[PDB]
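# An overview of the molecular structure
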Amino acid sequence: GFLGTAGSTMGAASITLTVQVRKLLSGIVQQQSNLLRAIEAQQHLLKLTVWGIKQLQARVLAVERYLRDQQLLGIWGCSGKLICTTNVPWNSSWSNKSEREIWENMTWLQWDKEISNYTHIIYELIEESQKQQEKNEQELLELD
Amino acid sequence: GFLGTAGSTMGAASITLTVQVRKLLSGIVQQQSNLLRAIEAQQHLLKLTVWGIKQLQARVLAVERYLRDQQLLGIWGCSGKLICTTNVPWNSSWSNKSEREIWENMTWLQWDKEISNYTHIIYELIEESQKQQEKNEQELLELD
Amino acid sequence: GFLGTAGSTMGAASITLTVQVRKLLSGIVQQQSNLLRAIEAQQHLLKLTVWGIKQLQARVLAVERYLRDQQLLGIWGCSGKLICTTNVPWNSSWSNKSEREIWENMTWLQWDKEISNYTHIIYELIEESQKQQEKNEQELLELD
Amino acid sequence: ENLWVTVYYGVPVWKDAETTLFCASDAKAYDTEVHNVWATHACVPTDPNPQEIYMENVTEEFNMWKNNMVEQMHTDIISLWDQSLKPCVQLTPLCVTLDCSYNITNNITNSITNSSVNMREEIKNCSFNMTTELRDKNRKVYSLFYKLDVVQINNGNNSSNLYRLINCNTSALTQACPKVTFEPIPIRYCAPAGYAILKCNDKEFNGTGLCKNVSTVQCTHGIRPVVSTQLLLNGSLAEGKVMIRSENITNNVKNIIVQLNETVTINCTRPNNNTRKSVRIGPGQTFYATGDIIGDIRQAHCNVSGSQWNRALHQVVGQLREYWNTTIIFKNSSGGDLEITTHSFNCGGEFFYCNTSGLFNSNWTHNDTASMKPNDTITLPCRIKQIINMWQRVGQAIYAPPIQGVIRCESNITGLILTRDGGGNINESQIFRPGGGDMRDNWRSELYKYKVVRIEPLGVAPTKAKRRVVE
Amino acid sequence: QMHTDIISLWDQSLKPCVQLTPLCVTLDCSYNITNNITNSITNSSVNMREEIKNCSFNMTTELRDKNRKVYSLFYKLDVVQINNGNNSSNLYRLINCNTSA
Ligand SMILES: *[C@@H]1O[C@H](CO)[C@@H](O[C@@H]2O[C@H](CO)[C@@H](O[C@@H]3O[C@H](CO[C@H]4O[C@H](CO)[C@@H](O)[C@H](O)[C@@H]4O)[C@@H](O)[C@H](O[C@H]4O[C@H](CO)[C@@H](O)[C@H](O)[C@@H]4O)[C@@H]3O)[C@H](O)[C@H]2NC(C)=O)[C@H](O)[C@H]1NC(C)=O
Ligand SMILES: *[C@@H]1O[C@H](CO)[C@@H](O[C@@H]2O[C@H](CO)[C@@H](O[C@@H]3O[C@H](CO)[C@@H](O)[C@H](O)[C@@H]3O)[C@H](O)[C@H]2NC(C)=O)[C@H](O)[C@H]1NC(C)=O
Ligand SMILES: *[C@@H]1O[C@H](CO)[C@@H](O[C@@H]2O[C@H](CO)[C@@H](O[C@@H]3O[C@H](CO)[C@@H](O)[C@H](O)[C@@H]3O)[C@H](O)[C@H]2NC(C)=O)[C@H](O)[C@H]1NC(C)=O
Ligand SMILES: *[C@@H]1O[C@H](CO)[C@@H](O[C@@H]2O[C@H](CO)[C@@H](O[C@@H]3O[C@H](CO)[C@@H](O)[C@H](O)[C@@H]3O)[C@H](O)[C@H]2NC(C)=O)[C@H](O)[C@H]1NC(C)=O
Ligand SMILES: *[C@@H]1O[C@H](CO)[C@@H](O[C@@H]2O[C@H](CO)[C@@H](O[C@@H]3O[C@H](CO)[C@@H](O)[C@H](O)[C@@H]3O)[C@H](O)[C@H]2NC(C)=O)[C@H](O)[C@H]1NC(C)=O
Ligand SMILES: *[C@@H]1O[C@H](CO)[C@@H](O[C@@H]2O[C@H](CO)[C@@H](O[C@@H]3O[C@H](CO)[C@@H](O)[C@H](O)[C@@H]3O)[C@H](O)[C@H]2NC(C)=O)[C@H](O)[C@H]1NC(C)=O
Ligand SMILES: *[C@@H]1O[C@H](CO)[C@@H](O[C@@H]2O[C@H](CO)[C@@H](O[C@@H]3O[C@H](CO)[C@@H](O)[C@H](O)[C@@H]3O)[C@H](O)[C@H]2NC(C)=O)[C@H](O)[C@H]1NC(C)=O
Ligand SMILES: *[C@@H]1O[C@H](CO)[C@@H](O[C@@H]2O[C@H](CO)[C@@H](O[C@@H]3O[C@H](CO)[C@@H](O)[C@H](O)[C@@H]3O)[C@H](O)[C@H]2NC(C)=O)[C@H](O)[C@H]1NC(C)=O
Ligand SMILES: *[C@@H]1O[C@H](CO)[C@@H](O[C@@H]2O[C@H](CO)[C@@H](O[C@@H]3O[C@H](CO)[C@@H](O)[C@H](O)[C@@H]3O)[C@H](O)[C@H]2NC(C)=O)[C@H](O)[C@H]1NC(C)=O
Ligand SMILES: *[C@@H]1O[C@H](CO)[C@@H](O[C@@H]2O[C@H](CO)[C@@H](O[C@@H]3O[C@H](CO)[C@@H](O)[C@H](O)[C@@H]3O)[C@H](O)[C@H]2NC(C)=O)[C@H](O)[C@H]1NC(C)=O
Ligand SMILES: *[C@@H]1O[C@H](CO)[C@@H](O[C@@H]2O[C@H](CO)[C@@H](O)[C@H](O)[C@H]2NC(C)=O)[C@H](O)[C@H]1NC(C)=O
Ligand SMILES: *[C@@H]1O[C@H](CO)[C@@H](O[C@@H]2O[C@H](CO)[C@@H](O)[C@H](O)[C@H]2NC(C)=O)[C@H](O)[C@H]1NC(C)=O
Ligand SMILES: *[C@@H]1O[C@H](CO)[C@@H](O)[C@H](O)[C@H]1NC(C)=O
Ligand SMILES: *[C@@H]1O[C@H](CO)[C@@H](O)[C@H](O)[C@H]1NC(C)=O
Ligand SMILES: *[C@@H]1O[C@H](CO)[C@@H](O)[C@H](O)[C@H]1NC(C)=O
Ligand SMILES: *[C@@H]1O[C@H](CO)[C@@H](O)[C@H](O)[C@H]1NC(C)=O
Ligand SMILES: *[C@@H]1O[C@H](CO)[C@@H](O)[C@H](O)[C@H]1NC(C)=O
Ligand SMILES: *[C@@H]1O[C@H](CO)[C@@H](O)[C@H](O)[C@H]1NC(C)=O
Ligand SMILES: *[C@@H]1O[C@H](CO)[C@@H](O)[C@H](O)[C@H]1NC(C)=O
Ligand SMILES: *[C@@H]1O[C@H](CO)[C@@H](O)[C@H](O)[C@H]1NC(C)=O
Ligand SMILES: *[C@@H]1O[C@H](CO)[C@@H](O)[C@H](O)[C@H]1NC(C)=O
Ligand SMILES: *[C@@H]1O[C@H](CO)[C@@H](O)[C@H](O)[C@H]1NC(C)=O
Ligand SMILES: *[C@@H]1O[C@H](CO)[C@@H](O)[C@H](O)[C@H]1NC(C)=O
Ligand SMILES: *[C@@H]1O[C@H](CO)[C@@H](O)[C@H](O)[C@H]1NC(C)=O
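Method-wise, the PDB entry is recorded as coming from cryo-EM, at a reported resolution of 4.6 Å.

This paragraph deals with the overall build of chain D. Secondary structure assignment for chain D yields six helices and 27 strands. Relative to its full complement of 471 residues, chain D shows a buried share of 53%. Considering only residue pairs separated by 6 or more positions, chain D has 77% of its internal contacts joining residues 24 or more positions apart. Counting only carbon and sulfur atoms, one obtains 51% of the accessible surface of chain D, whose full area is about 22,100 Å². Computed over 45 positive and 42 negative side-chain charges, the inter-centroid distance for chain D is 3 Å.

Across its full length, chain E carries two helices and five strands. Scanning chain E from its N terminus toward the C terminus, one meets helices and strands in the order α-β-β-β-β-β-α. For 101 residues, the compact-globule estimate of 2.2 N^0.38 gives 13 Å, and the C-alpha radius of gyration of chain E, at 18 Å, exceeds that figure by more than 25%. Here the C-alpha coordinates of chain E stretch approximately 45 × 45 × 30 Å along the principal axes. Considering only contacts within chain E whose residues lie at least 6 apart along the sequence, 30% involve residues at least 24 apart. With the model as given, the accessible surface of chain E reaches about 8,200 Å², and the carbon-plus-sulfur share is 56%. Each charge sign in chain E was given a centre, from 9 positive and 8 negative side chains, and these centres are 8 Å apart.

We now examine the state of the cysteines. By definition, a disulfide links the sulfur atoms of two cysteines through a covalent bond. The final tally for this structure, using the stated rule, is 18 disulfides over all chains. Linked covalently through their sulfurs, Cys268(D) and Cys354(D) form a disulfide whose S-S length is 1.9 Å. One end of the pair, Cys268(D), is in strand β15 (residues 256–270); the other, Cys354(D), is in strand β20 (residues 350–354), and 86 residues separate them in sequence. For the pair shown, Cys268(D) and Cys354(D) are each scored as buried. Between the sulfur atoms of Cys29(E) and its disulfide mate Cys55(E) the distance is 2.0 Å. Across the S-S bond of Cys29(E) and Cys55(E) the torsion is about -65 degrees, and the bridge reads as left-handed. Of the two residues, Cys29(E) is situated in strand β1 (residues 27–30) and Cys55(E) in strand β2 (residues 53–60); the sequence distance between them amounts to 26 residues. Taken N- to C-terminal, the disulfide-bonded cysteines of chain E are connected 1-4, 2-3. Lacking any disulfide linkage, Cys17(E) is separated from the closest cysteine sulfur, that of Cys97(E), by 17 Å.

This part is about the sheet that holds strand β23 (residues 396–399) of chain D. All names here are of chain D. Read from one edge to the other, the open sheet built from three strands follows the order β9-β23-β22, with strand pairing classed as mixed. Bordering the open sheet on either side are β9 (172–175) and β22 (387–388), each of which pairs with just one other strand. Judged from the two bridges that link them, β22 and β23 form a sheet pairing that is antiparallel. By the bridge assignment for β23, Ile387 is matched with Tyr399.

Turning our attention to the interface of chain D and chain E. With seven residues of chain D at the interface, the matching set in chain E holds four residues. Between chain D and chain E lies a buried interface of about 530 Å² when both sides are counted; carbon and sulfur atoms form 64% of it. If you look at where chain D meets chain E, you find zero salt bridges. In this assembly, chain D and chain E are joined by zero residue pairs in polar contact. Residues of the side of chain D that touches chain E, tallied by class, amount to four nonpolar, three polar and no charged.

Moving on, we get to the packing of helix α4 (residues 50–75) of chain A against helix α3 (residues 50–75) of chain C. For any two helices packed against each other, one specifies the inter-axial angle together with the distance between the axes. Viewed as axis vectors pointing N to C, α4(A) and α3(C) meet at an angle of 35 degrees, and their least axial separation amounts to 12 Å. Every pair of crossing elements has a handedness; the one defined by α4(A) and α3(C) is left-handed. From α4(A), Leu56(A), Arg59(A), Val63(A), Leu67(A) and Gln70(A) reach across to α3(C), where they touch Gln57(C), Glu64(C) and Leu67(C).

As enumerated under the stated definition, the model contains 23 aromatic pairs over all chains in all. Relative to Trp94(C), the ring of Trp90(C) has its centre 4.6 Å away and its plane inclined at 25 degrees; by these criteria the two rings are stacked. Residue class for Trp90(C) comes out buried when judged on its relative accessible area of 8%. With centroids separated by 6.2 Å and ring planes inclined at 75 degrees, the aromatic side chains of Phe145(D) and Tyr399(D) adopt a geometry described as edge-to-face. One end of the pair, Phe145(D), is in strand β6 (residues 138–145); the other, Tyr399(D), is in strand β23, with 254 residues separating them in the sequence. The same class applies to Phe145(D) as to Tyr399(D), namely buried.

Here we take up the nonpolar core. By size, the foremost hydrophobic cluster in this structure holds 46 residues, and its most contacted members are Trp51(C), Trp81(D), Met390(D), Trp391(D) and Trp443(D). At the level of elements, α1 (27–31), α2 (69–85), β10 (195–200), β20, α6 (441–447) and β26 (450–454) of chain D are the ones that each hand at least two residues to this core. Considering each element in turn, this core owes the most residues, six residues, to α2(D). Among residues more than four places away in sequence, those in contact with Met390(D) are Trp81(D), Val227(D) and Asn346(D). The next biggest cluster of nonpolar side chains, apart from the first, holds 34 residues, and it includes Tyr146(D), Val264(D), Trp364(D) and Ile384(D).

So, on to the sheet that holds strand β12 (residues 214–217) of chain D. All names here are of chain D. On the basis of which strands lie adjacent, the open sheet formed by four strands has the order β2-β12-β10-β26 and antiparallel pairing. Strands at the two margins of the open sheet, each flanked by one partner only, are β2 (53–55) and β26. Sheet twist, expressed as the mean angle between neighbouring strand axes with direction ignored, is 30 degrees. Pairing between β10 and β12: four bridges, direction antiparallel. Bridging from a neighbouring strand, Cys200 pairs with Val214 of β12.

All names here are of chain E. Only one face of β1 is covered, namely the one carrying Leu27 and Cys29; the face carrying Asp28 and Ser30 has none of its residues buried. Looking at chain direction, β1 and β2 are connected through four bridges and run antiparallel. In the sheet register, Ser30 faces β2, and the bridge partner there is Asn54.

With that settled, consider helix α7 (residues 116–128) of chain A. Residues three or four positions apart in an α-helix share a direction because the helix packs 3.6 residues into each turn. Here α7(A) contains 13 residues, and its C-alpha end-to-end distance of 19 Å stays within 8% of the 18 Å for a straight helix at 1.5 Å per residue. Inspection of α7(A) places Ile122(A), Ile126(A) and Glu127(A) among the buried residues, and these make up the whole buried set. Buried residues of α7(A) fall within an arc of 140 degrees about the axis and therefore sit on the same side. Set apart from the buried face of α7(A) by more than 90 degrees, the exposed residues are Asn117(A) and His120(A). Those residues of α7(A) that are buried are in contact with α4 of chain A together with α1 (17–21) of chain B.

The next point concerns the site of ligand 17. Around ligand 17, a shell composed of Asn91(C), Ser92(C) and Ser93(C) is seen. Here ligand 17 loses 32% of its free accessible area of 360 Å² to cover by the protein chains.

Counted by the stated rule, this structure contains 24 salt bridges over all chains. Here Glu124(A) ties to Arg22(B) by a salt bridge, and the two come within 3.3 Å at their closest N and O atoms. In this pair, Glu124(A) is assigned in helix α7 and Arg22(B) in the loop between α1 and α2 (27–31), connecting two distinct chains. Here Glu124(A) falls in the partly exposed class, since its relative accessible area comes to 32%. Its relative accessible area of 29% is what places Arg22(B) among the partly exposed residues.

Residue position: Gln31(A) is located in helix α3 (residues 27–32). Taking relative accessible area as the criterion, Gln31(A) reaches 12% and is therefore assigned buried. A distance of 3.3 Å separates a polar atom in the side chain of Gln31(A) from a polar atom in the side chain of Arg59(A). With sequence-adjacent residues up to four places away left out, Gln31(A) is seen in contact with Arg59(A), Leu61(C) and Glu64(C).

Criteria and cut-off values
- Residues numbered from 1 in each chain as written, not as in the entry; some residues may be left out.
- Chains lettered and ligands numbered in written order.
- Part of a larger assembly, values for the part shown.
- Heavy atoms only, no water.
- Helix = DSSP H or I, 4+ residues; strand = E, 2+ residues; numbered from the N terminus.
- Buried < 20%, exposed > 50% of the residue type's maximum accessible area, 1.4 Å probe, protein only.
- Contact = heavy atoms within 4.5 Å.
- Areas by Shrake-Rupley, 256 points an atom, 1.4 Å probe, with all protein chains shown as cover.
- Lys, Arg positive; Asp, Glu negative; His and termini not counted.
- Charge placed at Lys NZ, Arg CZ, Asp CG, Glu CD.
- Rg over C-alpha atoms; globule rule 2.2 N^0.38 Å.
- Disulfide = S-S within 2.5 Å.
- Pairing = 2+ DSSP bridges.
- Buried area = accessible area lost by both parts, 1.4 Å probe.
- Salt bridge = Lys/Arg side-chain N within 4 Å of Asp/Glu carboxyl O.
- Polar contact = N/O pair within 3.5 Å; in protein donor to acceptor, adjacent residues only side chain to side chain.
- Nonpolar A, V, L, I, M, F, W, Y, C, P; charged D, E, K, R; others polar.
- Axes fitted to C-alpha atoms, helices over the stretch in contact; angles between N-to-C directions.
- Left-handed = near helix turned anticlockwise from the far one by under 90°.
- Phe/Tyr/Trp six-rings, centres within 6.5 Å; stacked < 30°, edge-to-face > 60°.
- Core = buried A, V, L, I, M, F, W, Y, C linked by side-chain atoms within 4.5 Å.
- Expected span 1.5 Å × (residues − 1).
- Arc of directions from axis to C-beta.
- Near = heavy atom within 4 Å.

Here it is as structure tokens:
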């Protein structure tokens, strides 16, 4: 299940995430098998142009988006794993609808498009209003 | 607070960190508007040159700096948050100080003016002691 | 003892782990001194060729190697530190042994020698078996 | 008790690598302030602190014939040549016809030595057209040349016959960019992240096989990567014992590598002064002609201390008894080509083909005193060349410039490459002979200790502890 | 990207090729030649217009002054007659020549 296993699901989709990630980020084994070092069978001139350098640049840009993803995970304290809740309650901007029927009949996009901008503003809110409000300790009951 | 946010602060800028961390690995923002696949308008010659490879290798070196930073963070076992403290105090090797007045009269730079003779001490001592001294498990006090 | 200093040591090799990871991605320290920006010795023409660009490609490939490492560690809940506990007992396929002879009578090389085939299995276990059946917290006992 | 499989990180692990090592050098290569002395592409300087850490109680099989470093090495060398050749102007008009006179107003026309180098005096001087900076204008200019770089044509067999370059009728030629030097520089190949280089520190270790005295390293030691046929120049020494190596020691085609523990002062030299004449052809096209030398002009020749050769031969023949107690013969190569027949190298731009024929004239069958007691200094003839096609590839060719002044190449030899006779008897008499067609072994003859290895820090082991559990 | 990378690869492959700048020099082509057949199986204004000519021109050795004549074959699509003169007079010119390199 590189991207499949979810035509309209949230339960099965949420269960089939790791397969998607481990199949998506298998490009390194494609990169190891290039074997383009100087020559392929007999002889080559240099032959390294916008094509190859921007192949590498696209690698850099996509993995840089991923670097920003890990940055996000480090911001929200969400770097432990994919199972990662949030301390924010979902505001009423959405229009009335039931939960499990969104899980079962929106394929994770019919929800996202309706909550797209609200996803962005609540991204900002969970980045700002979440991490700054962590207390230090509690001294009433502890190990000693 | 794009790159500012601290005119003269030592404690107030202790919580304004997220704005600049949001842009620490944001090289893709200015890059998205380039349309540099090989050409923009109809057609061109190759035209990627010392300028192009300079910006490419600059992005590479910046990303390398950031990767070395996060490596250093991970070695300390203290990567769970930007503002993370230490299990060891600092040797009172500077002039006998006061926390309050020290937190008032510097733009987070004057403290750094007496550290070239103390940078490696802090760095290596923490990186070794605060890292190695983490044992595995607790034994007695638990649910059971 | 910067990377090695384990000649005949397996149990004694369970304490010198960090001295290796300190210099793992430190090729930047060997790379920052390149001074290939435009010119080093007197002057250069364009002169940015297979050596420099594929040195950059090797930087990219090592970076991708260690990043795919770090993300499959995170899949394992393993980015926290080097020593990495598991909920996985080995299926009964190896021959007789002792908890110390395996940990005493080799130098970290004989192990990967004799565990070539089996190793893959363990990965998927720690990749999947340790992960899917993980739950969030407990319910019954607390400070009050 | 239970085999709870735990993971660990941060311990060496060894696998074969395919990557690139990078430049290194001292301040001289960058303090010279020439555009690039001979590796310089804004190359990284060297690391003054080589962290060459010693390991023991381990072992590994090492092979230099399965090594990938040599292929990438000569590829990078050809890249250096091509990149330095980009600024060099093209010399296709230089290929134009040329009329020559052999004798000139020199004090000497046949020098004192006679080893088939003066009989074929191979010295002439020729006039020919070249372009002026005005296209409508051309002008006849004259220079000096030998007979090796050209051949006779228009076979009116001997009446002032004209000549043609050997490489122009099949290939292209271009200037050598005379502002760039040709001498070596101490190199230290450096390892990128994720890899390392293991130096076999065993003093007794021959070419391949098992080695234990490990030295894990990031950057190599000082290398002097100069090309040589049949010989090893300005190289490292043999520690503790003369080193003898061969891929399949039973098979004869596999060349024999020899590393000595005693050097020799090999002085191949042109003492007679040289000439240079920079002449403008076009807007950038400027030719460096070999001017007419003033004074006595003797043929360039060479010198060696044959006595040190004799005693080092006593050493190596005391070592060469693979399956023997006394039998050896040396014979010179009965055929081939000049690029492989002689000891060819580059020095001050000039390609010195010094003729190493003094080896085979010896019978060290049983006794060594009969050839050790005649301690005598050998003088030999060494030819000179201006052009070359490195690695036998017929492509762009280099035209080395005049070197105006004198040429000295005083150097230390440390090793040799040979081959045993093909159709040799079983035990009647073994024969060795020189071979230099394999230009690749000269580079592995010093990296034989060095093996490139990847780094897989992952490790696993069983223990009785376990991670966190909920229920 | 498809056509862009296609033209880019064609350029990169064009680089190692040899050049034909001095091959562009003037020519003289004979249409009627030593051959028997002129009417092929088909006749739709392409057989009488046989569009095949044997054509001579000068070329240069690797040297500068050395020039030698040589002959080859060409169609009608590659060249055009110089009608600027009084008549043909066996005067033709390549069009890719007199438009581009
Ligand atoms: C490469 O070589 C030559 C030399 O300059 C040029 O090639 C073309 O040359 C022709 C005429 O020399 C240019 O004009 C076209 O001529 C066709 C035939 O010639 C008749 O017309 C000219 C006057 O233009 C008379 O002098 C001559 O006697 C003929 O009567 C004409 O047929 C063209 O008009 C129309 O004809 C075609 C076919 O019927 C129609 O389908 C079209 O609608 C077209 O309009 C036209 O007059 C022609 O322009 C030249 N080609 C180019 C690309 O310019 C090239 O110029 C030269 N290369 C360069 C870069 O200059
Ligand atoms: C350089 O020149 C000297 C002479 O100026 C050479 O020495 C001479 O070499 C010739 C030819 O080999 C000798 O003549 C020959 O003698 C043998 C018998 O030994 C005979 O069978 C041949 O038919 C021929 O006549 C000559 O004796 C010899 N003279 C001296 C004084 O050495 C020398 O060999 C030349 N250098 C080289 C490398 O050949
Ligand atoms: C370099 O040193 C190694 C030792 O470190 C030499 O090892 C050679 O090893 C082989 C096999 O272990 C010995 O026996 C031979 O085996 C082959 C089959 O592999 C067989 O066909 C032969 O008949 C023979 O039995 C061999 O004796 C041994 N060599 C020596 C000199 O003892 C290796 O030969 C050395 N290589 C060189 C080029 O010096
Ligand atoms: C070949 O090259 C080697 C070294 O590059 C030369 O060795 C050196 O040769 C010079 C003379 O050419 C020696 O200097 C002289 O030594 C004598 C005797 O000690 C003294 O009386 C003179 O006043 C002068 O100083 C020098 O000592 C020697 N090197 C060593 C280490 O001894 C060799 O001479 C060259 N051979 C030829 C044929 O050019
Ligand atoms: C290799 O070494 C030899 C000897 O060291 C060099 O031989 C030189 O040969 C020339 C004549 O061919 C000698 O010229 C004459 O020398 C005598 C005696 O010194 C002198 O009285 C004359 O006025 C004249 O100069 C020269 O002396 C001699 N060199 C020595 C040191 O004796 C040979 O040139 C060296 N180089 C090579 C073979 O490339
Ligand atoms: C490289 O050096 C070797 C010797 O060090 C050269 O081989 C020798 O060359 C000489 C001169 O051609 C041979 O001398 C011959 O003597 C006979 C006597 O009858 C004469 O008829 C011949 O015309 C010739 O002069 C000598 O035999 C030969 N071989 C030896 C001494 O074993 C070799 O030619 C040199 N090669 C180059 C490319 O410089
Ligand atoms: C190095 O040369 C010396 C001689 O200069 C060799 O030693 C001696 O060689 C002679 C003749 O080869 C031996 O004579 C023998 O005499 C017996 C009768 O007693 C006869 O049957 C033999 O055919 C032979 O002619 C002599 O014994 C021998 N002496 C010694 C002490 O070896 C020496 O062997 C040579 N070096 C090597 C490594 O062979
Ligand atoms: C090594 O080279 C030196 C010179 O650089 C040579 O010096 C002298 O060489 C002659 C012969 O070439 C020797 O003559 C002989 O001397 C011995 C006594 O040692 C005597 O018994 C003989 O009848 C003959 O006269 C001379 O001695 C020697 N000088 C010295 C001080 O020994 C030397 O010969 C060369 N050695 C060899 C083995 O070629
Ligand atoms: C093998 O290594 C030795 C030791 O360095 C080399 O000898 C030295 O070679 C250099 C040039 O490669 C000589 O320096 C040059 O001298 C000329 C004199 O006019 C000068 O114009 C140049 O700018 C440069 O400074 C040096 O004198 C020479 N001798 C020493 C250091 O004693 C040798 O050249 C190496 N082997 C080969 C084949 O080059
Ligand atoms: C591809 O083939 C066609 C088919 O011939 C070529 O187009 C033109 O076809 C018509 C047929 O209706 C030809 O017309 C002819 O007209 C004369 C006079 O009226 C008549 O007697 C003939 O029976 C015929 O109908 C016309 O000539 C022909 N055009 C040419 C230039 O030959 C078309 O040209 C061909 N294209 C290619 C690229 O070969
Ligand atoms: C994975 O296991 C296979 C087989 O178990 C390994 O193959 C070895 O092959 C050699 C020669 O073919 C045999 O002599 C060995 O006995 C085989 N090993 C075993 C354990 O039987 C294969 O090499 C292993 N993969 C890796 C990467 O080591
Ligand atoms: C070969 O070299 C001789 C060197 O003498 C050339 O002849 C000289 O030419 C110069 C040029 O004006 C005169 O000044 C000298 O007087 C000449 N000397 C002699 C002895 O003739 C000769 O022209 C050269 N020939 C070729 C074909 O290069
Ligand atoms: C397709 O499978 C079934 C049958 O059509 C349907 O209930 C389900 O919602 C569809 N989508 C999936 C499985 O993603
Ligand atoms: C979603 O589909 C399931 C299965 O067809 C159905 O039971 C449920 O009522 C649907 N919910 C909607 C359309 O909101
Ligand atoms: C710490 O401070 C004390 C007192 O000034 C001094 O003796 C000691 O050397 C210092 N140690 C370090 C590591 O700075
Ligand atoms: C190998 O040397 C000794 C003797 O075998 C051994 O005790 C040591 O642990 C090994 N490793 C070394 C010396 O690094
Ligand atoms: C587990 O072990 C049993 C017995 O040792 C064996 O039959 C089985 O194939 C093993 N399974 C795996 C996945 O290793
Ligand atoms: C191995 O290397 C060490 C360097 O620490 C050296 O002391 C020792 O003599 C070497 N042993 C051999 C057999 O080369
Ligand atoms: C070179 O090694 C040999 C052993 O093969 C030894 O006999 C000789 O003395 C050594 N020579 C040196 C170190 O100069
Ligand atoms: C070496 O070559 C001989 C014959 O040339 C052959 O019999 C032998 O098996 C070869 N040995 C190796 C190790 O290649
Ligand atoms: C001849 O050689 C001498 C060396 O003694 C040198 O000074 C002179 O310049 C040379 N003549 C030339 C280059 O014409
Ligand atoms: C060695 O001895 C043989 C005798 O069989 C002889 O033919 C040969 O010429 C000798 N070697 C030399 C270099 O003269
Ligand atoms: C050659 O060796 C001698 C000592 O054996 C040394 O003084 C000289 O510098 C060496 N020359 C080289 C390596 O070029
Ligand atoms: C040849 O010409 C005749 C008459 O002009 C016509 O009938 C016939 O179809 C032509 N042949 C072809 C192959 O077109």
